[PDB]
There are 2 protein chains.
Amino acid sequence: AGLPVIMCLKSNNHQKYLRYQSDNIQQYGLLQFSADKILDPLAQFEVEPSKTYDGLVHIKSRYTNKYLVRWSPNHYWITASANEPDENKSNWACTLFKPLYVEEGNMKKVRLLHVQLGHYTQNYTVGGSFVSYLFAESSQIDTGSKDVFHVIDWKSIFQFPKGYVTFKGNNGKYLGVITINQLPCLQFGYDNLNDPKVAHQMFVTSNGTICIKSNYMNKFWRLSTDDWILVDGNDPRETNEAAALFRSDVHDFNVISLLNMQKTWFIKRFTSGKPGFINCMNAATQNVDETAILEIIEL
Amino acid sequence: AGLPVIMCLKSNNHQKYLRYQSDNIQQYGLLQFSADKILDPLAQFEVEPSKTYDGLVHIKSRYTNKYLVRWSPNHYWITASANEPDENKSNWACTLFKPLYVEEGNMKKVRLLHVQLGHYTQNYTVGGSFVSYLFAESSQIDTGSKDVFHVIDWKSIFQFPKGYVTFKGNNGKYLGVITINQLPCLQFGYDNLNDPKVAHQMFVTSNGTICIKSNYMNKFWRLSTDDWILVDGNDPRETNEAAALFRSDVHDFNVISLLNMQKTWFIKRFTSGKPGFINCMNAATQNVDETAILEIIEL
Ligand SMILES: CC(=O)N[C@H]1[C@@H](OCc2ccccc2)O[C@H](CO)[C@H](O)[C@@H]1O[C@@H]1O[C@H](CO)[C@H](O)[C@H](O)[C@H]1O
Ligand SMILES: CC(=O)N[C@H]1[C@@H](OCc2ccccc2)O[C@H](CO)[C@H](O)[C@@H]1O[C@@H]1O[C@H](CO)[C@H](O)[C@H](O)[C@H]1O
């Protein structure tokens, strides 16, 4: 029903992601808006269309793989614990929900309606222990907007924008081609997003590796001399040269670290000491460090 | 190919479960046998049978939802990062694996063969930081059995024994029916498993709640007088009475805690001080405590 197959839900009320409560407490199994990162492995939910009613959806925790349902015949609290879907709208354990979009056209802002109850769900707090749990309150839209959620496609976190992009390093500069000592280097030394030497294109392959092409040079990034990433490579989708293949480590939307597949070390802003090699891309760190975090800027 | 749709892999070698490496380290994305508990949200994998090759399978991390594939054309290390499966047996990024059962008929002990390489995968260590990672070493069986794994069906940890069972309290005693003041109580005070009063039957419903029946009395457990759990209930599957419905918090195989759905507190071995009610089951703890830990012994 317009929702992502695997999704994450964020609450504007306090900017946290919905996650399965796994602590051994009274609230075990309930859903709390407490995941700080979208990467939290308890924050994924899979949506499944209703067999019978078009527009209605079933939702299960990816972790437990069990459906969202009312805690008991007497509760409005939602638990990701049903072994199977129930489409009988009259049953208190009916698992059907109805996504209702807040602003027409926008699929990333929704309200989730528990079908059987006809109540909207909210990031609800009662007292002391029941803080920020998913609760099907009533048929009235909330005044504090605690029933509005931001939908996020889990899949998209591991996707990159193909089209010209540049990378912004931790010194505030943009990554551009630069010839140094007859070597076609990449340097975090540009201040302008319009200098065309700053443009690159990312190709993500089916196996997961990524190859990047400098627009200016029309050549691919490739680990080479002294582990500098140089812009001289041929298309590795054809050559299968590990030196021109990268695997990303996503920190958040458009914030990543890339591991070069030849050295299996992370690329980062580096200044070797040798004259001219200042703030140039080098596979110089085994584990992620501050200089290894790249922010992707779409052009 | 005989494997469960969602599974966890345990290393025969050092008894840890296979899990996705999420740290921002060189090994990010690789699979390490470091999960101490099956409940680790990074230890579940899903199996997809091959489209063209009978007996072959593709495997993905439930978390990333990406397929296990070689790290690069030059590595035998396995990473859960392929975007899609690849059935081309010649390509280095081929995602096919062949499960080989160690003991004929036993679908639980297996060796996983990387089809493209023709190599068995092992809980492999190279030193330093490449400790205990899945590596398709060679076509030779390993003398240390680091290539033999125990397959656990993820869905089976939320399931309980059919037929008779009893519950062992933390005081080392079994739970049996006992009449105290005409109130048919459940007490942790028996040592005989063949005592008929110690026999119970668990029923898991499609919505996740459980109802438990004493066989001796032939009545269901039910929260009643003074939050004591008495054996006087009618089938809550017909009554829908929250007082006779429980939801489990699974700690490990046959080690659970039961929350009563009426009080929404866990049941535990309890002695109120009120003369006579010693070590009887009472919904007396908000969060799990040691007395609330029950061990299911199947009769
Ligand atoms: C209907 C429901 O889930 N009520 C639960 C809620 O109560 C506040 C409320 C707000 C808005 C609309 C209706 C109700 O939260 C309470 C938190 O302690 C409580 O869970 C309550 O549910 C009752 O819990 C009782 C046990 O503590 C008992 O089981 C009652 O039968 C429940 O309705
Ligand atoms: C083939 C392979 O994955 N080799 C990797 C392995 O080497 C030990 C080994 C044991 C048994 C059979 C073959 C090899 O572990 C190494 C750990 O540091 C390393 O990952 C090695 O892979 C090489 O790594 C190189 C850089 O680290 C380079 O990328 C080579 O192309 C790789 O083969």
# chains A, B, ... in the order shown; residues from 1 in each chain; ligands from 1

call {"tool": "select_by_dssp", "arguments": {"residues": "stretch 127-296 of chain B", "states": "helix (DSSP H, G or I)", "output": "list in words"}}
result
residues 154, 155, 156, 157, 158, 196, 197, 198, 225, 226, 227, 236, 237, 238, 239, 242, 243, 244, 290, 291 and 292 of chain B

call {"tool": "write_last_selection", "arguments": {"atoms": "N, CA and C atoms", "output": "PDB file, in the first residue's frame"}}
result
ATOM      1  N   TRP B 154      15.465 -20.850  13.290  1.00  0.00           N
ATOM      2  CA  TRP B 154      15.129 -19.664  14.074  1.00  0.00           C
ATOM      3  C   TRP B 154      13.720 -19.692  14.678  1.00  0.00           C
ATOM      4  N   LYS B 155      12.766 -20.177  13.907  1.00  0.00           N
ATOM      5  CA  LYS B 155      11.405 -20.212  14.370  1.00  0.00           C
ATOM      6  C   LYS B 155      11.208 -21.187  15.529  1.00  0.00           C
ATOM      7  N   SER B 156      12.101 -22.168  15.667  1.00  0.00           N
ATOM      8  CA  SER B 156      11.958 -23.146  16.749  1.00  0.00           C
ATOM      9  C   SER B 156      12.245 -22.665  18.183  1.00  0.00           C
ATOM     10  N   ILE B 157      12.903 -21.521  18.361  1.00  0.00           N
ATOM     11  CA  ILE B 157      13.184 -21.053  19.724  1.00  0.00           C
ATOM     12  C   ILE B 157      11.937 -20.435  20.429  1.00  0.00           C
ATOM     13  N   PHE B 158      10.904 -20.105  19.648  1.00  0.00           N
ATOM     14  CA  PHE B 158       9.670 -19.534  20.187  1.00  0.00           C
ATOM     15  C   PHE B 158       8.590 -20.613  20.292  1.00  0.00           C
ATOM     16  N   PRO B 196       2.031 -37.578  38.591  1.00  0.00           N
ATOM     17  CA  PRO B 196       1.052 -37.036  37.651  1.00  0.00           C
ATOM     18  C   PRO B 196       0.624 -35.594  37.903  1.00  0.00           C
ATOM     19  N   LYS B 197       0.805 -35.130  39.131  1.00  0.00           N
ATOM     20  CA  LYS B 197       0.438 -33.778  39.504  1.00  0.00           C
ATOM     21  C   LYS B 197       1.379 -32.715  38.941  1.00  0.00           C
ATOM     22  N   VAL B 198       2.539 -33.169  38.467  1.00  0.00           N
ATOM     23  CA  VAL B 198       3.595 -32.327  37.908  1.00  0.00           C
ATOM     24  C   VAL B 198       3.422 -32.082  36.385  1.00  0.00           C
ATOM     25  N   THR B 225      -7.274 -15.060  42.927  1.00  0.00           N
ATOM     26  CA  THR B 225      -7.107 -14.600  44.304  1.00  0.00           C
ATOM     27  C   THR B 225      -5.679 -14.225  44.743  1.00  0.00           C
ATOM     28  N   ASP B 226      -5.461 -12.952  45.047  1.00  0.00           N
ATOM     29  CA  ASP B 226      -4.157 -12.483  45.518  1.00  0.00           C
ATOM     30  C   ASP B 226      -3.032 -12.673  44.517  1.00  0.00           C
ATOM     31  N   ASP B 227      -3.394 -12.600  43.243  1.00  0.00           N
ATOM     32  CA  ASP B 227      -2.462 -12.741  42.132  1.00  0.00           C
ATOM     33  C   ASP B 227      -1.785 -14.104  42.073  1.00  0.00           C
ATOM     34  N   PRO B 236      -9.161 -20.366  27.755  1.00  0.00           N
ATOM     35  CA  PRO B 236      -9.204 -18.958  27.348  1.00  0.00           C
ATOM     36  C   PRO B 236      -9.270 -18.770  25.840  1.00  0.00           C
ATOM     37  N   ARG B 237      -9.132 -19.863  25.104  1.00  0.00           N
ATOM     38  CA  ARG B 237      -9.218 -19.788  23.660  1.00  0.00           C
ATOM     39  C   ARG B 237     -10.682 -19.654  23.287  1.00  0.00           C
ATOM     40  N   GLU B 238     -11.550 -20.024  24.227  1.00  0.00           N
ATOM     41  CA  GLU B 238     -12.989 -19.899  24.039  1.00  0.00           C
ATOM     42  C   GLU B 238     -13.469 -18.700  24.843  1.00  0.00           C
ATOM     43  N   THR B 239     -12.898 -18.476  26.017  1.00  0.00           N
ATOM     44  CA  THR B 239     -13.327 -17.360  26.845  1.00  0.00           C
ATOM     45  C   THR B 239     -12.666 -16.018  26.536  1.00  0.00           C
ATOM     46  N   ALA B 242      -8.083 -12.678  29.696  1.00  0.00           N
ATOM     47  CA  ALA B 242      -6.673 -12.341  29.861  1.00  0.00           C
ATOM     48  C   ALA B 242      -6.012 -12.971  31.081  1.00  0.00           C
ATOM     49  N   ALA B 243      -6.793 -13.258  32.117  1.00  0.00           N
ATOM     50  CA  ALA B 243      -6.237 -13.852  33.334  1.00  0.00           C
ATOM     51  C   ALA B 243      -5.649 -15.242  33.122  1.00  0.00           C
ATOM     52  N   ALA B 244      -6.076 -15.906  32.059  1.00  0.00           N
ATOM     53  CA  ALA B 244      -5.615 -17.258  31.723  1.00  0.00           C
ATOM     54  C   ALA B 244      -4.753 -17.286  30.435  1.00  0.00           C
ATOM     55  N   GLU B 290      15.272 -13.639  39.087  1.00  0.00           N
ATOM     56  CA  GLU B 290      15.719 -15.030  39.075  1.00  0.00           C
ATOM     57  C   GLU B 290      14.594 -16.027  39.368  1.00  0.00           C
ATOM     58  N   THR B 291      13.664 -15.648  40.239  1.00  0.00           N
ATOM     59  CA  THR B 291      12.545 -16.522  40.573  1.00  0.00           C
ATOM     60  C   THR B 291      11.552 -16.668  39.426  1.00  0.00           C
ATOM     61  N   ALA B 292      11.598 -15.726  38.483  1.00  0.00           N
ATOM     62  CA  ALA B 292      10.695 -15.722  37.338  1.00  0.00           C
ATOM     63  C   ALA B 292      11.218 -16.542  36.166  1.00  0.00           C
TER      64      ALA B 292
END

call {"tool": "residues_near_ligand", "arguments": {"ligand": "ligand 2", "cutoff": "10 Å", "atoms": "only C-alpha atoms and all ligand atoms", "output": "ChimeraX atom specification"}}
result
/A:241-243,260-265 /B:27,70-78,124-131,135-138

call {"tool": "write_last_selection", "arguments": {"atoms": "N, CA, C and O atoms", "output": "compact mmCIF listing (two decimals), in the first residue's frame"}}
result
# COMPACT_ATOMS: atom_id res chain seq x y z
N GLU A 241 39.52 -5.92 -11.56
CA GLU A 241 40.71 -5.57 -10.83
C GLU A 241 40.30 -5.04 -9.44
O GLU A 241 39.72 -3.95 -9.31
N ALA A 242 40.66 -5.81 -8.42
CA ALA A 242 40.33 -5.49 -7.04
C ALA A 242 40.75 -4.11 -6.64
O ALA A 242 40.05 -3.46 -5.88
N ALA A 243 41.86 -3.62 -7.19
CA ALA A 243 42.37 -2.29 -6.86
C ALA A 243 41.39 -1.16 -7.19
O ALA A 243 41.50 -0.07 -6.63
N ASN A 260 39.10 -0.32 0.16
CA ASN A 260 39.63 -0.68 -1.16
C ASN A 260 39.86 -2.19 -1.10
O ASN A 260 40.43 -2.69 -0.15
N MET A 261 39.40 -2.90 -2.12
CA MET A 261 39.49 -4.35 -2.17
C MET A 261 40.85 -4.99 -2.46
O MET A 261 40.98 -6.21 -2.37
N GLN A 262 41.83 -4.18 -2.85
CA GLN A 262 43.16 -4.70 -3.10
C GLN A 262 43.91 -4.66 -1.79
O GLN A 262 44.51 -5.64 -1.38
N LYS A 263 43.86 -3.54 -1.10
CA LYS A 263 44.56 -3.50 0.17
C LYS A 263 43.73 -3.95 1.37
O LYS A 263 44.28 -4.35 2.40
N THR A 264 42.40 -3.92 1.21
CA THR A 264 41.39 -4.19 2.24
C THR A 264 41.60 -3.24 3.41
O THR A 264 41.57 -3.64 4.56
N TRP A 265 41.92 -2.00 3.09
CA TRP A 265 42.12 -0.95 4.07
C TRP A 265 41.22 0.19 3.62
O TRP A 265 40.85 0.26 2.44
N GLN B 27 37.13 -5.64 9.04
CA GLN B 27 36.24 -6.77 8.82
C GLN B 27 34.75 -6.48 8.71
O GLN B 27 33.96 -7.44 8.62
N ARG B 70 31.66 -13.74 -2.11
CA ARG B 70 33.08 -13.54 -1.83
C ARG B 70 33.37 -12.04 -1.70
O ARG B 70 32.74 -11.22 -2.32
N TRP B 71 34.33 -11.69 -0.86
CA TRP B 71 34.71 -10.31 -0.63
C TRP B 71 35.19 -9.60 -1.92
O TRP B 71 34.90 -8.41 -2.13
N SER B 72 35.95 -10.30 -2.75
CA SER B 72 36.44 -9.70 -3.99
C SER B 72 36.91 -10.84 -4.84
O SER B 72 36.85 -12.00 -4.41
N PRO B 73 37.38 -10.56 -6.07
CA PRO B 73 37.84 -11.67 -6.91
C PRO B 73 39.07 -12.35 -6.30
O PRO B 73 39.39 -13.47 -6.65
N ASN B 74 39.74 -11.68 -5.37
CA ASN B 74 40.95 -12.21 -4.78
C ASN B 74 40.85 -12.81 -3.37
O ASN B 74 41.85 -13.24 -2.81
N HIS B 75 39.63 -12.85 -2.82
CA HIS B 75 39.42 -13.35 -1.46
C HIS B 75 38.43 -14.51 -1.33
O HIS B 75 37.47 -14.63 -2.11
N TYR B 76 38.67 -15.34 -0.33
CA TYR B 76 37.79 -16.46 -0.05
C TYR B 76 36.92 -16.10 1.16
O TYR B 76 36.09 -16.90 1.58
N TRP B 77 37.16 -14.93 1.76
CA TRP B 77 36.37 -14.44 2.91
C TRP B 77 34.94 -14.19 2.42
O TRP B 77 34.75 -13.71 1.32
N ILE B 78 33.94 -14.55 3.23
CA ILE B 78 32.55 -14.37 2.83
C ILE B 78 31.90 -13.13 3.48
O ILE B 78 32.04 -12.88 4.69
N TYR B 124 37.23 -19.78 10.30
CA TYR B 124 38.64 -19.53 10.06
C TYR B 124 39.36 -18.40 10.79
O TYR B 124 38.82 -17.32 10.95
N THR B 125 40.61 -18.66 11.19
CA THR B 125 41.44 -17.66 11.87
C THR B 125 42.81 -17.50 11.19
O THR B 125 43.51 -18.49 10.92
N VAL B 126 43.17 -16.25 10.89
CA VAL B 126 44.45 -15.94 10.25
C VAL B 126 45.37 -15.18 11.21
O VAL B 126 46.57 -15.05 10.96
N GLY B 127 44.82 -14.72 12.32
CA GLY B 127 45.64 -14.02 13.29
C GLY B 127 45.34 -12.54 13.32
O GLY B 127 44.78 -11.99 12.36
N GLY B 128 45.73 -11.90 14.42
CA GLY B 128 45.48 -10.48 14.57
C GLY B 128 43.99 -10.19 14.68
O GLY B 128 43.37 -10.42 15.72
N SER B 129 43.40 -9.72 13.59
CA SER B 129 41.99 -9.39 13.60
C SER B 129 41.11 -10.28 12.75
O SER B 129 39.88 -10.17 12.82
N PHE B 130 41.69 -11.16 11.93
CA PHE B 130 40.87 -12.07 11.14
C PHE B 130 40.65 -13.33 11.97
O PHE B 130 41.12 -14.42 11.62
N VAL B 131 39.96 -13.16 13.09
CA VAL B 131 39.69 -14.26 14.00
C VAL B 131 38.26 -14.78 13.88
O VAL B 131 37.30 -14.02 13.97
N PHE B 135 35.35 -18.46 5.97
CA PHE B 135 36.33 -18.43 4.89
C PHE B 135 36.22 -19.71 4.09
O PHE B 135 36.17 -20.79 4.70
N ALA B 136 36.11 -19.62 2.77
CA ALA B 136 36.01 -20.83 1.93
C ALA B 136 37.46 -21.28 1.66
O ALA B 136 38.06 -20.95 0.63
N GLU B 137 38.00 -22.03 2.61
CA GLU B 137 39.38 -22.47 2.58
C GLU B 137 39.86 -23.34 1.43
O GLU B 137 40.72 -22.91 0.67
N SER B 138 39.31 -24.53 1.25
CA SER B 138 39.78 -25.41 0.19
C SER B 138 38.80 -26.53 -0.03
O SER B 138 37.75 -26.55 0.60

call {"tool": "interface_residues", "arguments": {"of": "chain A", "to": "chain B", "cutoff": "7 Å", "atoms": "only C-alpha atoms", "output": "PyMOL selection string"}}
result
chain A and resi 24-26+28+41-42+63+72-73+81-84+93+206-208+240+242+249+261+264-265+286-288

call {"tool": "closest_residue", "arguments": {"among": "B:214, B:90, B:254, B:13", "to": "residue B:230", "atoms": "only C-alpha atoms"}}
result
B:214

call {"tool": "residues_around", "arguments": {"residues": "residue A:185", "least_positions_apart": "4", "cutoff": "12 Å", "atoms": "only C-alpha atoms", "output": "MDAnalysis selection string"}}
result
chainID A and resid 175:181 189 197:198 214 217 219:232 269:270 276:282

call {"tool": "write_last_selection", "arguments": {"atoms": "N, CA, C and O atoms", "output": "compact mmCIF listing (two decimals), in the first residue's frame"}}
result
# COMPACT_ATOMS: atom_id res chain seq x y z
N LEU A 175 36.44 16.66 -2.79
CA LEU A 175 37.42 15.79 -3.45
C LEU A 175 37.53 15.98 -4.96
O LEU A 175 36.62 15.59 -5.71
N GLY A 176 38.66 16.51 -5.42
CA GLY A 176 38.83 16.75 -6.84
C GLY A 176 40.13 16.22 -7.41
O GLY A 176 41.10 16.05 -6.67
N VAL A 177 40.16 15.95 -8.71
CA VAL A 177 41.37 15.44 -9.35
C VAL A 177 42.44 16.52 -9.31
O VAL A 177 42.14 17.72 -9.40
N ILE A 178 43.68 16.09 -9.18
CA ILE A 178 44.80 16.99 -9.15
C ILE A 178 46.02 16.21 -9.56
O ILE A 178 46.25 15.12 -9.06
N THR A 179 46.78 16.75 -10.50
CA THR A 179 47.99 16.08 -10.94
C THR A 179 49.12 16.53 -10.03
O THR A 179 49.34 17.73 -9.86
N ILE A 180 49.81 15.57 -9.43
CA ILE A 180 50.91 15.87 -8.53
C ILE A 180 52.04 14.92 -8.83
O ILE A 180 51.87 13.70 -8.77
N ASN A 181 53.20 15.48 -9.17
CA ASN A 181 54.40 14.69 -9.49
C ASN A 181 54.05 13.70 -10.62
O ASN A 181 54.38 12.51 -10.56
N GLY A 189 40.71 19.36 -1.52
CA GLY A 189 41.19 20.73 -1.50
C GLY A 189 40.33 21.73 -2.25
O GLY A 189 40.72 22.88 -2.40
N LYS A 197 36.28 19.54 -11.75
CA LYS A 197 37.27 18.53 -11.36
C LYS A 197 36.80 17.78 -10.10
O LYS A 197 37.37 16.76 -9.70
N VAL A 198 35.72 18.28 -9.51
CA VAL A 198 35.15 17.74 -8.30
C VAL A 198 34.06 16.68 -8.54
O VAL A 198 33.66 15.97 -7.62
N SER A 214 35.94 9.27 -12.23
CA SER A 214 36.13 10.70 -12.21
C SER A 214 35.59 11.23 -13.53
O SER A 214 35.95 10.76 -14.61
N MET A 217 38.42 13.35 -15.60
CA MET A 217 39.40 12.47 -16.25
C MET A 217 38.79 11.41 -17.14
O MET A 217 39.42 10.93 -18.09
N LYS A 219 38.15 8.47 -16.03
CA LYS A 219 38.90 7.27 -15.64
C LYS A 219 38.44 6.88 -14.23
O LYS A 219 38.01 7.72 -13.46
N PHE A 220 38.60 5.61 -13.89
CA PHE A 220 38.19 5.12 -12.58
C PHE A 220 39.23 5.22 -11.50
O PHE A 220 40.43 5.13 -11.77
N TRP A 221 38.77 5.38 -10.27
CA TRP A 221 39.63 5.44 -9.11
C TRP A 221 40.32 4.06 -9.03
O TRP A 221 39.72 3.03 -9.31
N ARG A 222 41.57 4.04 -8.61
CA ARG A 222 42.29 2.78 -8.57
C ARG A 222 43.43 2.93 -7.60
O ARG A 222 44.12 3.96 -7.59
N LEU A 223 43.58 1.95 -6.72
CA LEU A 223 44.67 1.96 -5.77
C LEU A 223 45.93 1.68 -6.60
O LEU A 223 45.97 0.77 -7.44
N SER A 224 46.97 2.46 -6.36
CA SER A 224 48.19 2.27 -7.13
C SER A 224 49.44 2.59 -6.30
O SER A 224 49.57 2.16 -5.15
N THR A 225 50.38 3.31 -6.90
CA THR A 225 51.64 3.71 -6.29
C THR A 225 51.50 4.27 -4.87
O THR A 225 50.73 5.21 -4.64
N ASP A 226 52.27 3.71 -3.94
CA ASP A 226 52.26 4.16 -2.54
C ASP A 226 50.86 4.17 -1.91
O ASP A 226 50.60 4.91 -0.96
N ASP A 227 49.99 3.32 -2.44
CA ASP A 227 48.61 3.21 -1.97
C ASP A 227 47.78 4.48 -2.16
O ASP A 227 46.83 4.70 -1.41
N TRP A 228 48.18 5.34 -3.09
CA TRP A 228 47.41 6.53 -3.40
C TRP A 228 46.31 6.02 -4.29
O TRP A 228 46.48 5.01 -4.98
N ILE A 229 45.16 6.66 -4.24
CA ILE A 229 44.07 6.25 -5.10
C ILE A 229 44.27 7.20 -6.30
O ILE A 229 44.27 8.42 -6.15
N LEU A 230 44.60 6.63 -7.45
CA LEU A 230 44.84 7.41 -8.63
C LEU A 230 43.70 7.26 -9.61
O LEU A 230 42.93 6.31 -9.56
N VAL A 231 43.57 8.24 -10.47
CA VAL A 231 42.51 8.23 -11.46
C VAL A 231 43.07 7.80 -12.81
O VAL A 231 43.28 8.63 -13.69
N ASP A 232 43.28 6.50 -12.99
CA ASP A 232 43.82 6.02 -14.26
C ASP A 232 43.24 4.69 -14.68
O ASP A 232 43.62 4.14 -15.72
N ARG A 269 41.64 10.84 3.87
CA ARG A 269 42.39 12.05 3.60
C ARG A 269 43.76 11.81 4.25
O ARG A 269 43.83 11.51 5.45
N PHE A 270 44.82 11.93 3.46
CA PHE A 270 46.17 11.66 3.95
C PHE A 270 47.20 12.66 3.42
O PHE A 270 47.06 13.18 2.31
N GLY A 276 53.86 18.01 -1.82
CA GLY A 276 52.73 17.97 -2.72
C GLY A 276 51.62 17.03 -2.34
O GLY A 276 50.46 17.28 -2.65
N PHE A 277 51.95 15.93 -1.68
CA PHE A 277 50.93 14.99 -1.30
C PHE A 277 50.23 15.41 0.00
O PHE A 277 50.44 14.83 1.06
N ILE A 278 49.40 16.44 -0.12
CA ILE A 278 48.68 17.01 1.00
C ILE A 278 47.20 16.77 0.84
O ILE A 278 46.63 17.16 -0.18
N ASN A 279 46.59 16.12 1.83
CA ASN A 279 45.15 15.82 1.82
C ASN A 279 44.72 14.99 0.63
O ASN A 279 43.65 15.25 0.04
N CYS A 280 45.53 14.02 0.24
CA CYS A 280 45.20 13.18 -0.89
C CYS A 280 44.64 11.84 -0.47
O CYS A 280 44.93 11.36 0.62
N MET A 281 43.82 11.24 -1.32
CA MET A 281 43.20 9.97 -0.99
C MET A 281 44.21 8.84 -0.97
O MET A 281 44.90 8.60 -1.96
N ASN A 282 44.30 8.15 0.17
CA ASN A 282 45.23 7.04 0.31
C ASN A 282 44.59 5.95 1.15
O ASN A 282 43.86 6.26 2.09

call {"tool": "atom_distance", "arguments": {"atom1": "atom CA of residue B:203", "atom2": "atom CA of residue A:60"}}
result
21.8 Å

call {"tool": "residues_around", "arguments": {"residues": "residue B:172", "least_positions_apart": "4", "cutoff": "12 Å", "atoms": "only C-alpha atoms", "output": "mmCIF file with N, CA, C and O atoms, in the first residue's frame"}}
result
data_model
loop_
_atom_site.group_PDB
_atom_site.id
_atom_site.type_symbol
_atom_site.label_atom_id
_atom_site.label_comp_id
_atom_site.auth_asym_id
_atom_site.auth_seq_id
_atom_site.Cartn_x
_atom_site.Cartn_y
_atom_site.Cartn_z
ATOM 1 N N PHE B 167 7.729 -27.722 34.875
ATOM 2 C CA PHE B 167 8.571 -26.546 34.933
ATOM 3 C C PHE B 167 9.414 -26.659 36.162
ATOM 4 O O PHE B 167 8.897 -26.947 37.240
ATOM 5 N N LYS B 168 10.714 -26.438 35.995
ATOM 6 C CA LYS B 168 11.663 -26.501 37.085
ATOM 7 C C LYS B 168 11.996 -25.102 37.573
ATOM 8 O O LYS B 168 12.497 -24.278 36.805
ATOM 9 N N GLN B 187 2.750 -25.287 42.936
ATOM 10 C CA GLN B 187 3.889 -25.119 43.806
ATOM 11 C C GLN B 187 5.156 -25.781 43.317
ATOM 12 O O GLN B 187 5.123 -26.879 42.763
ATOM 13 N N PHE B 188 6.270 -25.088 43.502
ATOM 14 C CA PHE B 188 7.574 -25.607 43.134
ATOM 15 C C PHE B 188 8.021 -26.440 44.347
ATOM 16 O O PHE B 188 8.768 -25.963 45.211
ATOM 17 N N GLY B 189 7.540 -27.671 44.441
ATOM 18 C CA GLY B 189 7.922 -28.475 45.587
ATOM 19 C C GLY B 189 7.956 -29.965 45.369
ATOM 20 O O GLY B 189 7.868 -30.719 46.330
ATOM 21 N N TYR B 190 8.080 -30.399 44.120
ATOM 22 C CA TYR B 190 8.141 -31.825 43.799
ATOM 23 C C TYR B 190 9.520 -32.237 43.244
ATOM 24 O O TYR B 190 10.241 -31.410 42.668
ATOM 25 N N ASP B 191 9.887 -33.507 43.428
ATOM 26 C CA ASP B 191 11.160 -34.025 42.911
ATOM 27 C C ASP B 191 10.901 -35.161 41.938
ATOM 28 O O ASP B 191 11.821 -35.642 41.297
ATOM 29 N N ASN B 192 9.655 -35.622 41.867
ATOM 30 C CA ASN B 192 9.305 -36.741 41.006
ATOM 31 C C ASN B 192 8.636 -36.297 39.716
ATOM 32 O O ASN B 192 7.545 -35.724 39.731
ATOM 33 N N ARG B 269 8.184 -17.905 41.458
ATOM 34 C CA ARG B 269 8.085 -18.742 42.642
ATOM 35 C C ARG B 269 7.922 -17.699 43.749
ATOM 36 O O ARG B 269 8.715 -16.762 43.843
ATOM 37 N N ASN B 279 6.252 -21.038 48.115
ATOM 38 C CA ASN B 279 6.771 -21.404 46.789
ATOM 39 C C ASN B 279 5.698 -21.677 45.760
ATOM 40 O O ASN B 279 5.818 -22.604 44.956
ATOM 41 N N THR B 291 13.664 -15.648 40.239
ATOM 42 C CA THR B 291 12.545 -16.522 40.573
ATOM 43 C C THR B 291 11.552 -16.668 39.426
ATOM 44 O O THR B 291 10.801 -17.648 39.365
ATOM 45 N N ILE B 293 12.373 -17.181 36.342
ATOM 46 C CA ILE B 293 12.977 -17.994 35.293
ATOM 47 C C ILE B 293 12.568 -19.455 35.437
ATOM 48 O O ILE B 293 12.873 -20.113 36.432
ATOM 49 N N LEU B 294 11.825 -19.920 34.444
ATOM 50 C CA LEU B 294 11.286 -21.261 34.397
ATOM 51 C C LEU B 294 11.974 -22.110 33.353
ATOM 52 O O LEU B 294 12.166 -21.671 32.210
ATOM 53 N N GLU B 295 12.282 -23.351 33.717
ATOM 54 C CA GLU B 295 12.900 -24.273 32.773
ATOM 55 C C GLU B 295 11.894 -25.354 32.414
ATOM 56 O O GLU B 295 11.374 -26.053 33.276
ATOM 57 N N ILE B 297 10.839 -28.797 31.227
ATOM 58 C CA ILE B 297 11.341 -30.168 31.149
ATOM 59 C C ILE B 297 10.205 -30.931 30.495
ATOM 60 O O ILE B 297 9.084 -30.923 30.992
#

call {"tool": "select_by_dssp", "arguments": {"residues": "stretch 169-254 of chain A", "states": "strand (DSSP E)", "output": "count of residues only"}}
result
42

call {"tool": "residues_around", "arguments": {"residues": "residue A:115", "least_positions_apart": "3", "cutoff": "10 Å", "atoms": "only C-alpha atoms", "output": "list in words"}}
result
residues 56, 57, 87, 88, 89, 90, 92, 94, 95, 96, 97, 98, 99, 112, 118, 119, 120 and 136 of chain A

call {"tool": "atom_distance", "arguments": {"atom1": "atom CA of residue B:255", "atom2": "atom CA of residue B:151"}}
result
19.7 Å

call {"tool": "atom_distance", "arguments": {"atom1": "atom CA of residue A:30", "atom2": "atom CA of residue B:159"}}
result
19.1 Å

call {"tool": "closest_residue", "arguments": {"among": "B:213, B:146, B:16, B:109", "to": "residue B:122", "atoms": "only C-alpha atoms"}}
result
B:146

call {"tool": "residues_around", "arguments": {"residues": "residue A:3", "least_positions_apart": "3", "cutoff": "10 Å", "atoms": "only C-alpha atoms", "output": "MDAnalysis selection string"}}
result
chainID A and resid 6:7 46:49 57 99 107:108 110 151:153
